[PDB]
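Engineer: CSV, N, CA and C atoms, saved as my_file.csv, coming up:
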```csv
chain,number,residue,atom,x,y,z
R,1,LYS,N,101.2,95.2,80.3
R,1,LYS,CA,100.3,96.3,80.0
R,1,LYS,C,100.1,97.2,81.2
R,2,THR,N,100.1,98.5,81.0
R,2,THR,CA,99.8,99.6,82.0
R,2,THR,C,98.3,99.5,82.4
R,3,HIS,N,97.4,99.1,81.5
R,3,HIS,CA,96.0,99.1,81.8
R,3,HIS,C,95.4,97.7,81.5
R,4,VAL,N,94.4,97.3,82.2
R,4,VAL,CA,93.7,96.0,82.0
R,4,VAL,C,92.2,96.2,82.0
R,5,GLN,N,91.5,95.6,81.0
R,5,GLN,CA,90.0,95.7,80.9
R,5,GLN,C,89.5,94.6,81.9
R,6,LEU,N,88.7,95.1,82.8
R,6,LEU,CA,88.0,94.2,83.8
R,6,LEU,C,86.5,94.5,83.8
R,7,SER,N,85.7,93.5,84.1
R,7,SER,CA,84.3,93.5,84.4
R,7,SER,C,84.1,93.1,85.8
R,8,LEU,N,83.7,94.1,86.7
R,8,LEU,CA,83.7,93.9,88.1
R,8,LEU,C,82.2,93.6,88.6
R,9,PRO,N,82.0,92.5,89.3
R,9,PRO,CA,80.6,92.3,89.9
R,9,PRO,C,80.3,93.4,90.9
R,10,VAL,N,79.1,94.0,90.7
R,10,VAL,CA,78.6,95.0,91.6
R,10,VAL,C,77.8,94.3,92.7
R,11,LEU,N,78.2,94.4,94.0
R,11,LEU,CA,77.5,93.7,95.1
R,11,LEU,C,76.7,94.7,95.9
R,12,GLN,N,75.6,94.2,96.5
R,12,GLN,CA,74.9,94.9,97.6
R,12,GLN,C,75.7,94.9,98.8
R,13,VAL,N,75.8,96.0,99.5
R,13,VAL,CA,76.6,96.1,100.8
R,13,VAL,C,76.2,95.0,101.8
R,14,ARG,N,74.9,94.7,102.0
R,14,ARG,CA,74.5,93.8,103.0
R,14,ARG,C,74.8,92.3,102.6
R,15,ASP,N,75.2,92.1,101.4
R,15,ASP,CA,75.5,90.7,100.9
R,15,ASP,C,77.0,90.4,101.2
R,16,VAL,N,77.8,91.5,101.3
R,16,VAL,CA,79.3,91.3,101.3
R,16,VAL,C,79.8,90.5,102.6
R,17,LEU,N,80.4,89.4,102.4
R,17,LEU,CA,80.9,88.6,103.5
R,17,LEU,C,82.2,89.0,104.0
R,18,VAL,N,83.1,89.6,103.2
R,18,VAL,CA,84.4,90.0,103.6
R,18,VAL,C,84.5,91.5,103.3
R,19,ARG,N,84.5,92.4,104.3
R,19,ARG,CA,84.0,93.8,104.2
R,19,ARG,C,85.2,94.7,104.0
R,20,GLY,N,86.4,94.1,103.8
R,20,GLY,CA,87.6,94.9,103.4
R,20,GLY,C,88.8,94.0,103.1
R,21,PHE,N,89.9,94.6,102.8
R,21,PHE,CA,91.1,93.9,102.3
R,21,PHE,C,92.2,93.8,103.3
R,22,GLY,N,92.1,94.5,104.5
R,22,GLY,CA,93.1,94.3,105.5
R,22,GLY,C,93.2,95.6,106.3
R,23,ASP,N,94.4,95.8,106.9
R,23,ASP,CA,94.5,96.6,108.2
R,23,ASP,C,95.3,97.8,108.0
R,24,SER,N,96.0,98.0,106.9
R,24,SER,CA,96.8,99.2,106.6
R,24,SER,C,96.5,99.7,105.2
R,25,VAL,N,96.8,100.9,104.9
R,25,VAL,CA,96.6,101.5,103.5
R,25,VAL,C,97.4,100.6,102.6
R,26,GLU,N,98.7,100.3,102.9
R,26,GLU,CA,99.6,99.6,101.9
R,26,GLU,C,99.0,98.2,101.7
R,27,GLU,N,98.5,97.6,102.8
R,27,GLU,CA,97.9,96.2,102.6
R,27,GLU,C,96.7,96.2,101.8
R,28,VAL,N,95.8,97.1,102.0
R,28,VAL,CA,94.5,97.1,101.3
R,28,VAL,C,94.7,97.4,99.8
R,29,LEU,N,95.6,98.3,99.4
R,29,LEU,CA,95.9,98.5,98.0
R,29,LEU,C,96.6,97.3,97.4
R,30,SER,N,97.5,96.6,98.1
R,30,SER,CA,98.2,95.4,97.7
R,30,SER,C,97.2,94.3,97.4
R,31,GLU,N,96.3,94.0,98.4
R,31,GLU,CA,95.3,93.0,98.3
R,31,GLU,C,94.3,93.3,97.2
R,32,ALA,N,93.9,94.5,97.1
R,32,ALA,CA,92.9,94.9,96.0
R,32,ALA,C,93.5,94.5,94.7
R,33,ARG,N,94.8,94.9,94.4
R,33,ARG,CA,95.4,94.6,93.1
R,33,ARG,C,95.6,93.1,93.0
R,34,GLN,N,95.9,92.4,94.0
R,34,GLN,CA,96.0,90.9,93.9
R,34,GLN,C,94.6,90.3,93.5
R,35,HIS,N,93.5,90.7,94.2
R,35,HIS,CA,92.2,90.2,93.9
R,35,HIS,C,91.7,90.6,92.5
R,36,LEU,N,92.0,91.8,92.1
R,36,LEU,CA,91.7,92.3,90.7
R,36,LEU,C,92.4,91.3,89.7
R,37,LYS,N,93.7,91.0,89.9
R,37,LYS,CA,94.4,90.1,89.0
R,37,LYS,C,93.8,88.7,89.0
R,38,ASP,N,93.3,88.2,90.1
R,38,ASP,CA,92.8,86.9,90.3
R,38,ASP,C,91.3,86.8,90.0
R,39,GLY,N,90.6,87.9,89.7
R,39,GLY,CA,89.2,87.9,89.3
R,39,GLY,C,88.3,87.6,90.5
R,40,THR,N,88.8,88.0,91.7
R,40,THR,CA,88.1,87.8,93.0
R,40,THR,C,87.9,89.1,93.7
R,41,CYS,N,87.6,90.2,92.9
R,41,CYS,CA,87.3,91.5,93.5
R,41,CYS,C,85.9,92.0,93.0
R,42,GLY,N,85.1,92.4,94.0
R,42,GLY,CA,83.8,93.0,93.8
R,42,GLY,C,83.8,94.5,94.0
R,43,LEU,N,82.7,95.2,93.7
R,43,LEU,CA,82.5,96.7,93.7
R,43,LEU,C,81.2,96.9,94.4
R,44,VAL,N,81.2,97.8,95.4
R,44,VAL,CA,80.0,98.3,96.0
R,44,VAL,C,79.9,99.8,95.7
R,45,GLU,N,78.7,100.2,95.2
R,45,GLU,CA,78.4,101.5,94.8
R,45,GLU,C,78.2,102.3,96.1
R,46,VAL,N,78.8,103.5,96.2
R,46,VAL,CA,78.7,104.3,97.4
R,46,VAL,C,77.4,105.1,97.4
R,47,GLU,N,76.6,104.9,98.4
R,47,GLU,CA,75.5,105.8,98.8
R,47,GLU,C,75.5,106.0,100.3
R,48,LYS,N,74.6,106.9,100.7
R,48,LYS,CA,74.4,107.2,102.2
R,48,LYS,C,74.2,105.8,102.8
R,49,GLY,N,75.0,105.6,103.9
R,49,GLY,CA,74.9,104.4,104.8
R,49,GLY,C,75.8,103.3,104.4
R,50,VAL,N,76.4,103.3,103.2
R,50,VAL,CA,77.2,102.2,102.7
R,50,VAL,C,78.6,102.1,103.4
R,51,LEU,N,79.4,103.2,103.5
R,51,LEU,CA,80.8,103.1,104.0
R,51,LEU,C,80.8,102.7,105.4
R,52,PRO,N,79.9,103.1,106.3
R,52,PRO,CA,80.0,102.7,107.7
R,52,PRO,C,79.7,101.2,107.9
R,53,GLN,N,79.2,100.5,106.9
R,53,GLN,CA,78.9,99.1,106.9
R,53,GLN,C,80.1,98.3,106.4
R,54,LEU,N,81.2,99.0,105.9
R,54,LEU,CA,82.4,98.4,105.4
R,54,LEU,C,83.6,98.7,106.3
R,55,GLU,N,84.7,98.0,106.2
R,55,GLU,CA,85.8,98.1,107.0
R,55,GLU,C,86.9,99.0,106.4
R,56,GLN,N,87.4,99.9,107.2
R,56,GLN,CA,88.6,100.7,106.8
R,56,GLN,C,89.8,100.0,107.1
R,57,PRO,N,91.0,100.3,106.4
R,57,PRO,CA,90.9,101.3,105.3
R,57,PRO,C,90.1,100.8,104.1
R,58,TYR,N,89.5,101.8,103.4
R,58,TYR,CA,88.7,101.6,102.1
R,58,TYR,C,89.6,101.7,100.9
R,59,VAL,N,89.3,100.9,99.9
R,59,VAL,CA,90.0,101.0,98.5
R,59,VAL,C,88.9,101.5,97.6
R,60,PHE,N,89.0,102.7,97.0
R,60,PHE,CA,88.1,103.2,96.0
R,60,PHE,C,88.6,102.9,94.6
R,61,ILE,N,87.7,102.8,93.6
R,61,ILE,CA,88.1,103.1,92.2
R,61,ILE,C,87.5,104.4,91.9
R,62,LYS,N,88.4,105.2,91.3
R,62,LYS,CA,88.1,106.6,90.9
R,62,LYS,C,88.4,106.9,89.4
R,63,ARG,N,87.6,107.6,88.8
R,63,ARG,CA,87.7,107.9,87.3
R,63,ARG,C,89.1,108.7,87.1
R,64,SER,N,89.9,108.2,86.2
R,64,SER,CA,91.3,108.7,86.1
R,64,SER,C,91.4,109.6,84.8
R,65,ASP,N,90.3,109.7,84.1
R,65,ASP,CA,90.2,110.4,82.8
R,65,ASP,C,88.8,110.3,82.2
R,66,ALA,N,88.4,111.2,81.3
R,66,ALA,CA,87.1,111.3,80.6
R,66,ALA,C,87.3,110.8,79.1
R,67,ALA,N,86.5,106.8,77.6
R,67,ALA,CA,86.1,105.5,78.2
R,67,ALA,C,86.2,104.5,77.0
R,68,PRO,N,87.4,103.9,76.8
R,68,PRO,CA,87.6,102.9,75.7
R,68,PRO,C,86.8,101.6,75.8
R,69,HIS,N,86.1,101.3,74.7
R,69,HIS,CA,85.4,100.0,74.5
R,69,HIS,C,84.3,99.8,75.6
R,70,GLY,N,83.8,100.9,76.1
R,70,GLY,CA,82.8,100.9,77.2
R,70,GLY,C,83.4,100.9,78.6
R,71,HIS,N,84.7,100.7,78.7
R,71,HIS,CA,85.5,100.7,80.0
R,71,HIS,C,85.9,102.1,80.4
R,72,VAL,N,85.4,102.6,81.5
R,72,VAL,CA,85.8,103.8,82.2
R,72,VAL,C,87.2,103.6,82.8
R,73,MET,N,88.1,104.5,82.5
R,73,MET,CA,89.5,104.4,83.0
R,73,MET,C,89.5,104.8,84.5
R,74,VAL,N,90.1,103.9,85.3
R,74,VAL,CA,90.0,104.1,86.8
R,74,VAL,C,91.4,103.8,87.4
R,75,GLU,N,91.6,104.4,88.6
R,75,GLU,CA,92.8,104.0,89.4
R,75,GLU,C,92.3,103.9,90.9
R,76,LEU,N,93.2,103.2,91.7
R,76,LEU,CA,92.9,102.9,93.1
R,76,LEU,C,93.4,104.1,94.0
R,77,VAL,N,92.5,104.4,94.9
R,77,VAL,CA,92.8,105.4,96.1
R,77,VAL,C,92.3,104.8,97.4
R,78,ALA,N,93.2,104.7,98.4
R,78,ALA,CA,92.8,104.2,99.7
R,78,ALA,C,92.4,105.4,100.6
R,79,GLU,N,91.6,105.1,101.6
R,79,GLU,CA,91.2,106.1,102.6
R,79,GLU,C,91.2,105.4,104.0
R,80,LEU,N,91.8,106.1,105.0
R,80,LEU,CA,91.8,105.7,106.4
R,80,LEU,C,91.7,106.9,107.3
R,81,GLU,N,90.6,106.9,108.1
R,81,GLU,CA,90.3,108.0,109.1
R,81,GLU,C,90.3,109.4,108.4
R,82,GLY,N,89.7,109.4,107.2
R,82,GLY,CA,89.5,110.7,106.5
R,82,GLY,C,90.7,111.2,105.7
R,83,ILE,N,91.7,110.4,105.6
R,83,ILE,CA,92.9,110.7,104.8
R,83,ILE,C,93.0,109.8,103.6
R,84,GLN,N,93.1,110.3,102.4
R,84,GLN,CA,93.2,109.6,101.1
R,84,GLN,C,94.7,109.5,100.6
R,85,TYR,N,95.0,108.4,100.0
R,85,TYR,CA,96.3,108.0,99.6
R,85,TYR,C,96.2,107.8,98.1
R,86,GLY,N,96.6,108.8,97.3
R,86,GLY,CA,96.3,109.0,95.9
R,86,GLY,C,95.3,110.2,95.8
R,87,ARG,N,95.3,110.6,94.5
R,87,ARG,CA,94.5,111.8,94.1
R,87,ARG,C,93.9,111.4,92.8
R,88,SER,N,92.6,111.4,92.6
R,88,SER,CA,92.0,111.0,91.3
R,88,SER,C,90.6,111.7,91.2
R,89,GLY,N,89.8,111.2,90.3
R,89,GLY,CA,88.4,111.8,90.0
R,89,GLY,C,87.3,111.1,90.8
R,90,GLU,N,86.1,111.2,90.3
R,90,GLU,CA,84.9,110.7,90.9
R,90,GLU,C,85.0,109.2,91.3
R,91,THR,N,84.5,108.9,92.5
R,91,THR,CA,84.4,107.5,93.0
R,91,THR,C,83.4,106.7,92.1
R,92,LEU,N,83.7,105.6,91.6
R,92,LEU,CA,82.8,104.6,90.9
R,92,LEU,C,82.3,103.6,91.9
R,93,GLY,N,83.1,103.4,93.0
R,93,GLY,CA,82.7,102.6,94.1
R,93,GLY,C,83.8,102.1,95.0
R,94,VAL,N,83.5,101.3,96.0
R,94,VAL,CA,84.5,100.8,96.9
R,94,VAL,C,84.7,99.3,96.6
R,95,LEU,N,86.0,98.9,96.5
R,95,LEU,CA,86.3,97.5,96.2
R,95,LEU,C,86.3,96.6,97.5
R,96,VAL,N,85.9,95.4,97.3
R,96,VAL,CA,85.8,94.4,98.4
R,96,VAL,C,86.2,93.1,97.8
R,97,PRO,N,86.7,92.1,98.6
R,97,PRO,CA,86.8,90.7,98.1
R,97,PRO,C,85.5,90.2,97.6
R,98,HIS,N,85.5,89.5,96.6
R,98,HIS,CA,84.3,88.7,96.1
R,98,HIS,C,84.5,87.2,96.5
R,99,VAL,N,83.6,86.6,97.2
R,99,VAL,CA,83.7,85.2,97.6
R,99,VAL,C,82.5,84.4,97.1
R,100,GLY,N,81.8,84.9,96.0
R,100,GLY,CA,80.7,84.1,95.5
R,100,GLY,C,79.4,84.8,95.7
R,101,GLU,N,79.3,86.0,96.3
R,101,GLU,CA,78.1,86.8,96.4
R,101,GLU,C,77.5,87.0,95.0
R,102,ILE,N,76.2,87.0,94.8
R,102,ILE,CA,75.5,87.2,93.6
R,102,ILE,C,75.4,88.7,93.3
R,103,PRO,N,75.9,89.2,92.2
R,103,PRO,CA,75.9,90.6,91.8
R,103,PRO,C,74.6,91.1,91.3
R,104,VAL,N,74.4,92.4,91.4
R,104,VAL,CA,73.2,93.1,90.8
R,104,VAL,C,73.5,93.6,89.4
R,105,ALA,N,74.8,93.7,89.0
R,105,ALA,CA,75.3,94.3,87.8
R,105,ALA,C,76.7,94.1,87.7
R,106,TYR,N,77.3,94.5,86.5
R,106,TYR,CA,78.8,94.4,86.2
R,106,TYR,C,79.1,95.8,85.8
R,107,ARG,N,80.3,96.3,86.3
R,107,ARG,CA,80.9,97.6,85.9
R,107,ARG,C,82.2,97.3,85.1
R,108,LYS,N,82.2,97.7,83.8
R,108,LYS,CA,83.4,97.5,82.9
R,108,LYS,C,84.3,98.7,83.2
R,109,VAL,N,85.6,98.4,83.6
R,109,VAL,CA,86.6,99.4,83.8
R,109,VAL,C,87.9,99.1,83.1
R,110,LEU,N,88.6,100.1,82.8
R,110,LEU,CA,90.0,100.0,82.3
R,110,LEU,C,90.9,100.4,83.5
R,111,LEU,N,91.6,99.4,84.2
R,111,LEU,CA,92.3,99.7,85.4
R,111,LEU,C,93.7,100.0,85.1
R,112,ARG,N,94.2,101.2,85.5
R,112,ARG,CA,95.6,101.5,85.6
R,112,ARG,C,96.2,100.6,86.7
R,113,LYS,N,97.1,99.6,86.2
R,113,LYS,CA,97.8,98.6,87.0
R,113,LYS,C,99.2,99.1,87.3
```
Do you think you could lay out the structure here as structure tokens?

Structural biologist:
Amino acid sequence: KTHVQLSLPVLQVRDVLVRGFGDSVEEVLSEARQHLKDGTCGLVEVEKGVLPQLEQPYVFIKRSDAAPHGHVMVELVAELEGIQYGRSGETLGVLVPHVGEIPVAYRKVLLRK
């Protein structure tokens, strides 16, 4: 399938133990997709002060369209030193590894895989 319904745990930035997916744009997009497939991916909602507490490159989920079965359609965009790799809509948050942190909510998305 081109799209997968996922429910992503929403983490507080100060709880996150592993604050990025790796060291290159290509690695972070790769690892993000592996963790999404394995159910080991969390979501941090972007507000003032959040991104400087996480590791670059960043992997965003961005709205890809205007929401089947409650799931917003999203795709992955990476960012490194102010350059983005991909072009999409509004940021729903930044993806991070999930290693058992307690979430504050769940975000239902339809992920373009």

Engineer: So that I can see what lies close to residue 19 (chain R), please list as an MDAnalysis selection string the residues with an atom at most 7 Å from it, counting only N, CA and C atoms and leaving out residues fewer than 5 positions away in the same chain.

Structural biologist: chainID R and resid 53:56 95:97

Engineer: Using DSSP on the backbone, list every residue of chain R that comes out as alpha helix (DSSP H), and give them as a list in words.

Structural biologist: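 DSSP-assigned alpha helix (DSSP H) residues in chain R: residues 25, 26, 27, 28, 29, 30, 31, 32, 33, 34, 35, 36, 37 and 38 of chain R.
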
Engineer: Contacts of residue 71 (chain R) at 10 Å or less, counting only C-alpha atoms, minus same-chain residues fewer than 6 places along, as a ChimeraX atom specification?

Structural biologist: /R:4-7,107-111

Engineer: Write the selection just made, keeping N, CA and C atoms, as a PDB file, in the frame of the given file?

Structural biologist:
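Saved file selection_14.pdb follows:
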```pdb
ATOM      1  N   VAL R   4      94.400  97.300  82.200  1.00  0.00           N
ATOM      2  CA  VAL R   4      93.700  96.000  82.000  1.00  0.00           C
ATOM      3  C   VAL R   4      92.200  96.200  82.000  1.00  0.00           C
ATOM      4  N   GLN R   5      91.500  95.600  81.000  1.00  0.00           N
ATOM      5  CA  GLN R   5      90.000  95.700  80.900  1.00  0.00           C
ATOM      6  C   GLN R   5      89.500  94.600  81.900  1.00  0.00           C
ATOM      7  N   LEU R   6      88.700  95.100  82.800  1.00  0.00           N
ATOM      8  CA  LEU R   6      88.000  94.200  83.800  1.00  0.00           C
ATOM      9  C   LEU R   6      86.500  94.500  83.800  1.00  0.00           C
ATOM     10  N   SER R   7      85.700  93.500  84.100  1.00  0.00           N
ATOM     11  CA  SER R   7      84.300  93.500  84.400  1.00  0.00           C
ATOM     12  C   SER R   7      84.100  93.100  85.800  1.00  0.00           C
ATOM     13  N   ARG R 107      80.300  96.300  86.300  1.00  0.00           N
ATOM     14  CA  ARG R 107      80.900  97.600  85.900  1.00  0.00           C
ATOM     15  C   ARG R 107      82.200  97.300  85.100  1.00  0.00           C
ATOM     16  N   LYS R 108      82.200  97.700  83.800  1.00  0.00           N
ATOM     17  CA  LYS R 108      83.400  97.500  82.900  1.00  0.00           C
ATOM     18  C   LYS R 108      84.300  98.700  83.200  1.00  0.00           C
ATOM     19  N   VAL R 109      85.600  98.400  83.600  1.00  0.00           N
ATOM     20  CA  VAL R 109      86.600  99.400  83.800  1.00  0.00           C
ATOM     21  C   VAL R 109      87.900  99.100  83.100  1.00  0.00           C
ATOM     22  N   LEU R 110      88.600 100.100  82.800  1.00  0.00           N
ATOM     23  CA  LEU R 110      90.000 100.000  82.300  1.00  0.00           C
ATOM     24  C   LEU R 110      90.900 100.400  83.500  1.00  0.00           C
ATOM     25  N   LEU R 111      91.600  99.400  84.200  1.00  0.00           N
ATOM     26  CA  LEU R 111      92.300  99.700  85.400  1.00  0.00           C
ATOM     27  C   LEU R 111      93.700 100.000  85.100  1.00  0.00           C
TER      28      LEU R 111
END
```

Engineer: From the DSSP assignment of the backbone, select every residue of chain R that is strand (DSSP E or B), and format the answer as a PyMOL selection string.

Structural biologist: chain R and resi 3-10+41-44+58-63+72-80+83-85+91-97+105-112

Engineer: What is the distance, in Å and to one decimal place, between atom N of residue 112 (chain R) and atom C of residue 18 (chain R)?

Structural biologist: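 Computing it gives 22.5 Å between the two atoms.
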
Engineer: For a test of reading the model, state the distance in Å between atom C of residue 8 (chain R) and atom N of residue 105 (chain R), rounded to one decimal.

Structural biologist: 7.4 Å

Engineer: Nearest to residue 14 (chain R): which of R:60, R:101, R:79, R:38 is it, counting only C-alpha atoms?

Structural biologist: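 Looking at the shortest contact to residue 14 (chain R), the residue is R:101.
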